[PDB]
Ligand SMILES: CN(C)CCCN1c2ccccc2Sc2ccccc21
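For reference, the chain that follows is the form solved without the ligand, supplied as structure tokens.
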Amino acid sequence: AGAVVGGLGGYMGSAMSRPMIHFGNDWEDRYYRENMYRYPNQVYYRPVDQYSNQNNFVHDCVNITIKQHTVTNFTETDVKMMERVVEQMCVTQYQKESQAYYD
């Protein structure tokens, strides 16, 4: 809790298994298999009440998780692949937080 990214605090997830992402292309699949452990397995997010819906929560979660990971060598290909796997984890995280919020 209470994590700071880019000078803003109040960010909050537990580690998740990184799954394989299936890109529909042999080279991308092989590159992902080679590099997937360099990518995050925990996502940064903010409380669900700070968003209107899942899409906006997930947008921040993807953006900030990747920024935190890349500012703390990643190419543009790495960023694009991180966007795919981190989006899935952020969706999972949103469902966890949403269920807790509606209780």
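Under this definition, the rigid core comprises the largest set of C-alpha atoms superposing within 1.5 Å between the forms. Numbering starts at 1 and runs along the sequence shown. Residues that one form lacks are left out of the comparison.
Omitted here: the form deposited with the ligand bound. The next part is about that form.
Transferring the ligand from its position in the deposited bound form by superimposing the surrounding C-alpha atoms places at least three ligand atoms within 2.4 angstroms of backbone or C-beta atoms of the displayed chain; the site is blocked. Only one segment in the set 74-82, 28-36, 48-56, 61-69 has residues whose heavy atoms sit within 4.5 Å of the ligand in the deposited bound form; it is 61-69. Using a 4.5 angstroms threshold between heavy atoms, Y94 stays clear of the ligand in the deposited bound form.
Although the partner is absent here, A100 lies well away from the ligand in the deposited bound form, with no heavy atom inside 4.5 Å.
Although the ligand is not shown here, in the deposited bound form the stretch 3-17 places heavy atoms of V5, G7, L8, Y11 within 4.5 Å of it, in sequence order. When the two forms are overlaid on the core, a lone consecutive residue run of 3+ whose CA positions all differ by 2 Å or more between this form and the one not shown maps to 2-8.
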